[PDB]
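Visitor:
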Ligand SMILES: [Zn+2]
Ligand SMILES: [Zn+2]
Ligand SMILES: [Zn+2]
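In the authors' numbering, the protein residues as written are 701 to 878.
(1) So, at 8 Å on beta carbons, what are the nonlocal neighbours of residue 849 in its own chain, with the 5 sequence-adjacent residues on each side left out?
(2) Among 839, 727, 710, 705, which residue has its Cα nearest to the Cα of residue 780?
(3) Mapping the DSSP letters down to three states, classify residue 779 as helix, strand or coil.
(4) Since residue 833 is in the beta strand (DSSP E), which residue starts that stretch and which ends it?
(5) Going by C-alpha distance, which of 710, 818, 701 is nearest residue 786?
(6) Taking the straight line between their C-alpha atoms, what separation do you get for residue 925 and residue 747?
(7) So which of 708, 739, 813 has the shortest CA-CA distance to residue 719?
(8) Residue 806 by DSSP, collapsed to three states: which one?
(9) Is it buried or exposed for residue 857, if we count other Cβ within 10 angstroms and need 16 for buried?
(10) Is the beta carbon of residue 784 closer than 8 Å to that of residue 750?
(11) Just how far apart, CA to CA, sit residue 832 and residue 822?
(12) For residue 757 and residue 869, what's the separation of their Cα atoms in angstroms?
(13) According to DSSP, is residue 772 helix, strand or coil?
(14) Do you know offhand how far residue 845's Cα is from residue 736's?
(15) Give me the Cβ distance between residue 706 and residue 722, rounded to the nearest whole Å; I'm assuming they're in contact under 8 Å.
Next comes the structure, spelled out in structure tokens:
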């Protein structure tokens with residue numbers, strides 16, 4: 701097994717996957733690493749199993765059809781993994797906790813949003829469709845763009861949004877386009 705957390709790249713109290721060499725902090729893994737279960741398989745392994753059981757699940761899909769899916773167990777897992785992929789980027793620190801807005805020339809967003817809030821919402825099964833989760837994710841970055849206007853700090857939102865979008869297209873097998 702790896703000697704650092706796959707998500708945050710730090711050592712510490714790590715839980716090791718039984719079917720792959722990744723390791724995790726307890727609350728770095730999504731969902732939080734399960735109390736018992738020997739062997740234990742991480743989210744990467746669980747996602748790989750879905751594809752292996754249904755190879756056709758990797759044929760291209762339309763985003764509009766993906767968004768309307770109900771949050772059954774496999775879609776719940778996919779949204780968890782996509783959230784985890786964003787936390788894997790160190791620039792996610794900017795978007796993890798509850799923001800505040802006091803900048804000359806700007807007003808805060810009507811509906812603030814952040815990664816830990818989306819994490820709680822997934823854990824509490826508050827999203828009934830994939831669309832719920834994706835809307836909140838994209839709202840994180842949209843609020844950041846709007847607030848920071850022409851400051852160069854706006855680029856952080858663009859960067860972390862690109863990580864989100866790339867991973868969305870991969871995990872949900874969105875049809876490739878030009
Ligand atoms: Zn970690
Ligand atoms: Zn694994
Ligand atoms: Zn199948």
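Every residue, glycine too, gets a C-beta built ideally from N, C-alpha and C.
Guide: To lay it out plainly:
(1) Hits under 8 Å: 805, 806.
(2) 727
(3) helix
(4) Looking at the DSSP string, residue 833 is not in any beta strand (DSSP E); the run it does join, the alpha helix (DSSP H), is 830-848.
(5) 818
(6) Because the chain spans 701 through 878 in this model, residue 925 falls outside it and cannot be assessed.
(7) 739
(8) coil
(9) buried
(10) no
(11) 10 Å
(12) Roughly 13 Å separates the two Cα atoms.
(13) coil
(14) Roughly 42 Å separates the two Cα atoms.
(15) 4 Å
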